[PDB]
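First, one chain by itself: the form deposited in one PDB entry, in structure tokens.
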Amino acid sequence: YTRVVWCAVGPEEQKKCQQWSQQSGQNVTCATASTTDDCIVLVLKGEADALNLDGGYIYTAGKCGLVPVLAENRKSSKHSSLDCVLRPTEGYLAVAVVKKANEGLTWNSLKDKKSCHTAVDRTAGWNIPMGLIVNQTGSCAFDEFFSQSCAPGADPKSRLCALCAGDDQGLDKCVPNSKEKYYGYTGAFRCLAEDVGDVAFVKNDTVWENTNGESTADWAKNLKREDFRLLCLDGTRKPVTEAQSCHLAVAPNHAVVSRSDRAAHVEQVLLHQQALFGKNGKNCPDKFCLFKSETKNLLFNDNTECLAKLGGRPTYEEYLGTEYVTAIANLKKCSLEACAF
């Protein structure tokens, strides 16, 4: 009845889960997969219960029947009376970041540049940017737009993986999990920070969180916000402070999904779980904090205040919103109902 099997993607997420498992008294157990799609398959088979996913994957998991349970909620200023769990989710800003020193580089001069994406099939890292690009370009050849990139998930032998590093030994090149040096939000930003790429498609919180001595990580402590700029769709360039007036789209928050016949139990165990290891949980700072991993966004983004109820018991198409759902469909015509498994 009351035991949840979380699905960890890769070795770094597995050790944070095992610690979560340790401290839960087996109330939460861990399964491990090499990629997100594999974690979705384990959840379908019934061998795993849930995992926190980006909107890009929610579309996939949704076509295969999985349903959104709880969502991630970060620090907010509007809706200050409401409790984090009952408080609506605001979504997040997908942006195109570049180096200030890289003058002349604008949304219209991206052709043949070098790119950094969080990973294939994700919202801000792939779906939004490329969807805009296919559209504007009137072509599906998105694999020939940038000279080279690091889009975790693409074929290792392709130019879309050309800029990925792999792990400490150089193995697992381009794999879509934390083992890839430039995987995910942080990885992609680093990919720009180290000047490996000309532009990185992440979200706005990513810039703030890793600049101005906010990260302390070898490659980030000396990074200053003013050395970065945002590419707007009007061909303009703006400071990272003008995010609301220069973003590619507003992405729906990452959320925990599960098979519909388990959602009620996955939802209950988690709410309780976060009462213990959440932001102001009984044992978070002292023993274990679910929403902390040191700027590595393991299992959940570090900026999460809490996981929140949904309200309107949404289906995946509703949670993601018709806006974004069409975006993905139009782009997928390039690579129409079914679910890839």
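Heads up, when I say rigid core I mean the largest set of C-alphas that superpose within 1.5 Å between the two forms. Numbering starts at 1 and follows the sequence shown. Residues that one form lacks are left out of the comparison.
Q: Using the PDB record, quantify the missing residues of the deposited sequence between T2 and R3 as none, 1 to 3, 4 to 9, or 10 or more.
A: Nothing is missing between them.
Q: Averaging C-alpha B-factors over each stretch, which comes out higher, 44-52 or 271-279?
A: The stretch with the larger mean CA B-factor is 271-279.
Q: For the C-alpha atoms alone, is the average B factor greater in 281-289 or in 309-317, going by the entry?
A: Averaging CA B-factors over each stretch, the winner is 281-289.
Q: Taking the Cα B-factors listed in the entry, which of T206, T123, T241, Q148 comes out highest?
A: Result of the comparison over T206, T123, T241, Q148: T241.
Q: Pick out which of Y92, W219, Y183, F189 has the highest C-alpha B-factor in the PDB entry.
A: Reading the PDB entry, the winner on C-alpha B-factor is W219.
Q: Per the entry's values, where does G166 land by CA temperature factor relative to the rest of its chain, in the lowest, middle or highest third?
A: Ranked within chain, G166 CA B lands in the middle tercile.
Q: Can you tell me whether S115 has a C-alpha B-factor in the lowest, middle or highest third compared with the other modelled residues of the same chain?
A: Ranked within chain, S115 CA B lands in the lowest tercile.
Q: In terms of the chain's CA B-factor thirds, is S260 lowest, middle or highest?
A: Ranked within chain, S260 CA B lands in the middle tercile.
Q: Would you check the entry's CA temperature factor for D37 and let me know if it's in the chain's lowest, middle or highest third?
A: Its C-alpha B-factor, which the entry lists for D37, ranks in the lowest third among residues of this chain.
Q: State the tercile, meaning the lowest, middle or highest third, of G197 with respect to the CA B-factors recorded for its chain.
A: CA B-factor rank for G197: middle third.
Absent from the display: the form deposited with a partner chain bound. The rest refers to it.
Q: Name the residue from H272, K63, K292, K279 that puts a heavy atom within 4.5 Å of the partner chain in the bound PDB entry.
A: After the contact test, the surviving option is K63.
Q: Consider the chain as shown here, without its partner, and state which of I58, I40, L298, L307 has a heavy atom within 4.5 Å of the partner chain in the bound PDB entry.
A: Filtering the options by heavy-atom distance leaves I40.
Q: Within 4.5 Å of the partner chain in the bound PDB entry: all of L44, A329 and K333, by heavy atom?
A: Yes, each of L44, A329 and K333 comes within 4.5 Å of the partner chain in the bound PDB entry.
Q: After superposition on the rigid core, which segments of 3 or more consecutive residues show C-alpha displacements of 2 Å or more between the shown form and the other one?
A: After superposing the rigid core, the only shifted stretch between the shown form and the other one is 77-79.
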